[PDB]
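A short write-up of the structure that comes next.
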Protein chains: 2
Amino acid sequence: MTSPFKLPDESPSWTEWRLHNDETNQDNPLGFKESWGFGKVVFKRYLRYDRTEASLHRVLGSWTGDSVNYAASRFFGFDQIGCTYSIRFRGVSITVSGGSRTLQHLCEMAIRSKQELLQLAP
Amino acid sequence: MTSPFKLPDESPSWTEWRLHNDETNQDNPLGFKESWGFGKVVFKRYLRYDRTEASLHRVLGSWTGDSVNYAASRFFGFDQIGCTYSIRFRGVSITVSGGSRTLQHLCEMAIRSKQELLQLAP
RNA sequence: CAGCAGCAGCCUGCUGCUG
RNA sequence: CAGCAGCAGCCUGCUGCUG
């Protein structure tokens with residue numbers, strides 16, 4: 001399957017996660033999780049994120065309106081399907097959802113959501 | 001029950017809705033729906049919204065971090081409960097969710113979400 | 001707009017288990 | 001971090017019905 005994502009997954013092993021836990025706290029995780037769902041099919045990423053401007057830039061590059069539309073168009077036809085973006089960081093989940101006919105507006109709200117969550121003050 | 005909302009519901013009757021439908025389109029609804037959930041209990045509003053600055057100001061006043069905390073604190077105790085804000089406008093739904101311990105950050109993201117959705121270009 | 005039903009997903013909270 | 005299970009809600013899409 002063609003993913004909407006432009007960067008590889010970065011999930012930590014169980015050992016790396018434990019080590020990070022011993023060293024640090026829910027407000028300073030290794031990163032964030034995000035996902036894109038098109039009908040039944042869901043694509044997921046855990047991406048490292050350290051709250052710098054460099055890191056923000058890098059992770060905002062993990063998908064675009066174009067990469068999402070290319071991935072999503074595989075699943076399209078005459079009938080509308082449900083499409084959903086989710087992101088979770090520091091205890092808060094944001095989900096942006098609606099039909100395929102609205103996908104451009106779902107991307108616009110998804111990217112704005114992602115940016116505001118990742119920049120939310122301590 | 002004490003609501004998190006500071007303005008009354010504005011749901012249209014079935015007849016008003018039909019009349020509006022005959023006169024206008026999903027991109028020009030009478031307004032938007034939003035809701036706040038605390039554990040099992042959900043509070044809901046349909047609010048008129050006409051995409052002016054005056055109207056934006058008015059509807060952004062429908063809840064505050066304080067009104068949400070007063071309402072939500074009724075349901076609190078030692079264990080965390082789930083808390084959720086949702087808003088739907090013009091085919092797109094945004095939901096912001098997490099545990100009561102995070103409620104201040106849920107409000108901050110909820111209000112930012114609401115503002116961006118209600119201002120999204122045609 | 002609202003309520004009801006069938007189907008299909010998704011997210012949140014709680015509890016327990018595994019790695 | 002990941003997978004599994006019990007419970008409780010929520011949102012999206014499709015289909016049908018009512019007002």
Side-chain angles (χ1 to χ4, degrees), chain A residues 9-22 24 26 29-48 72 75-89 91-103 105-106 109-110 113, chain B residues 9-22 24 26 29-48 72 75-89 91-103 105-106 109-110 113:
Chain A
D9 189 67
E10 299 166 353
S11 296
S13 64
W14 188 23
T15 301
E16 187 190 1
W17 186 86
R18 287 183 301 198
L19 287 168
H20 177 257
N21 278 350
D22 300 343
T24 65
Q26 142 179 292
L30 290 166
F32 68 93
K33 293 178 268 290
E34 55 184 349
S35 72
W36 273 102
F38 319 110
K40 305 201 177 200
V41 181
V42 62
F43 302 88
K44 294 171 182 207
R45 292 289 179 273
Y46 190 99
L47 287 170
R48 309 305 175 90
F75 300 97
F76 292 169
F78 183 77
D79 271 357
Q80 188 165 227
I81 59 182
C83 299
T84 302
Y85 173 70
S86 213
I87 184 170
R88 173 149 182 176
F89 185 54
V92 347
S93 170
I94 306 178
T95 301
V96 176
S97 46
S100 37
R101 233 106 71 176
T102 79
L103 188 55
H105 290 330
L106 307 169
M109 297 305 317
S113 291
Chain B
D9 189 67
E10 299 166 353
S11 296
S13 64
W14 188 23
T15 301
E16 187 190 1
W17 186 86
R18 287 183 301 198
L19 287 168
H20 177 257
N21 278 350
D22 300 343
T24 65
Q26 142 179 292
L30 290 166
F32 68 93
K33 293 178 268 290
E34 55 184 349
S35 72
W36 273 102
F38 319 110
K40 305 201 177 200
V41 181
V42 62
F43 302 88
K44 294 171 182 207
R45 292 289 179 273
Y46 190 99
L47 287 170
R48 309 305 175 90
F75 300 97
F76 292 169
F78 183 77
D79 271 357
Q80 188 165 227
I81 59 182
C83 299
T84 302
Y85 173 70
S86 213
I87 184 170
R88 173 149 182 176
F89 185 54
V92 347
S93 170
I94 306 178
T95 301
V96 176
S97 46
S100 37
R101 233 106 71 176
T102 79
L103 188 55
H105 290 330
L106 307 169
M109 297 305 317
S113 291

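Side chains are part of it too, since the values below use all heavy atoms of this structure and drop only hydrogens, waters and symmetry mates. Below, chain A is the first sequence line, B the second, and so on; all start at residue 1.
Judged by distance alone, with hydrogens and angles left aside, the side-chain atoms of A:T102 form no donor-acceptor pair with the main-chain N or O of A:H105 at under 3.5 Å. A donor-acceptor pair is defined here as one N or O able to donate and one able to accept, closer than 3.5 Å; such a pair exists between the side chain of A:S100 and the backbone of A:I81.
Within the structure, a side-chain polar atom (N or O) of B:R88 is placed less than 4.0 Å from OP1 or OP2 of D:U12. A close approach under 4.0 Å does occur between a side-chain nitrogen or oxygen of B:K40 and OP1 or OP2 of D:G9.
Considering every non-hydrogen atom in both B:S113 and B:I94, the closest pair reads OG-CG2, 3.8 Å.
Closest approach to the A:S11 side chain among D:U12, D:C10, D:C1 is made by D:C1 (side chain taken as heavy atoms from C-beta onward). Nearest nucleotide to the B:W17 side chain, out of C:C1, C:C10, D:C1: C:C1. Here the side chain of A:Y46 is nearest to one of D:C11, D:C1, C:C11, namely D:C1. Residue A:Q80 has its side chain nearest to D:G13 when only D:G13, D:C11, C:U12 are considered. Of the candidates C:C10, D:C11, C:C1, D:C11 carries the atom nearest the B:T95 side chain, counting heavy atoms from C-beta on.
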Could you give me the CA-CA distance, side-chain angles and deciding distance for A:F32 and A:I87, then say whether side-chain contact (heavy atoms from CB on, under 4.5 Å) is met? CA-CA 7 Å; A:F32 68 93; A:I87 184 170; 3.7 Å; yes
Worked check of side-chain contact (heavy atoms from CB on, under 4.5 Å) between B:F43 and B:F38: CA-CA 9 Å; B:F43 302 88; B:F38 319 110; 3.9 Å; yes
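Between B:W36 atom CH2 and D:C11 atom P the separation is 13 Å, expressed in whole Å. Atom CG of B:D79 is separated from atom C1' of C:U12 by 15 Å (rounded to the nearest Å). The distance from atom CD of B:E34 to atom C1' of D:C10 is 16 Å, rounded to the nearest whole Å. The NZ-P distance, from B:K44 to C:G3, rounds to 6 Å in whole Å. In this entry the distance linking CD1 of A:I81 with P of C:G9 reads 14 Å, nearest Å. Regarding B:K33, its NZ atom lies at a distance of 10 Å from the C1' atom of C:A2, rounded to whole Å. Remark: P of D:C1 and CD of A:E10 are 13 Å apart, rounded to the nearest angstrom. Atom CG in B:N21 sits roughly 13 Å away from atom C1' in C:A2 (whole-Å rounding).
Heavy-atom distances to RNA chain D give each of A:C83 and B:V41 a nearest nucleotide, and the one nearer the 5′ end belongs to B:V41. Place B:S13 and B:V42 on RNA chain D by their nearest nucleotides, and B:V42 ends up nearer the 5' end. Both A:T84 and B:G31 sit near RNA chain C, but only B:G31 has its closest nucleotide nearer the 5' end.
Contacts of A:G37 with the nucleic acid, taken as non-hydrogen atoms under 4.0 Å apart, are absent.
Between A:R48 and A:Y46, some side-chain heavy-atom pair lies under the 4.5 Å cut-off.
Of the nucleotides present, D:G6 is the one that pairs with C:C14 by Watson-Crick or G-U wobble criteria, both distances under 3.5 Å.
Look at B:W14 and the base of C:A2; the rings do not stack under the cut-offs of 5.5 Å between centres and 30° between planes.
Between the P atoms of D:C10 and C:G3, the separation comes to 12 Å (whole Å).
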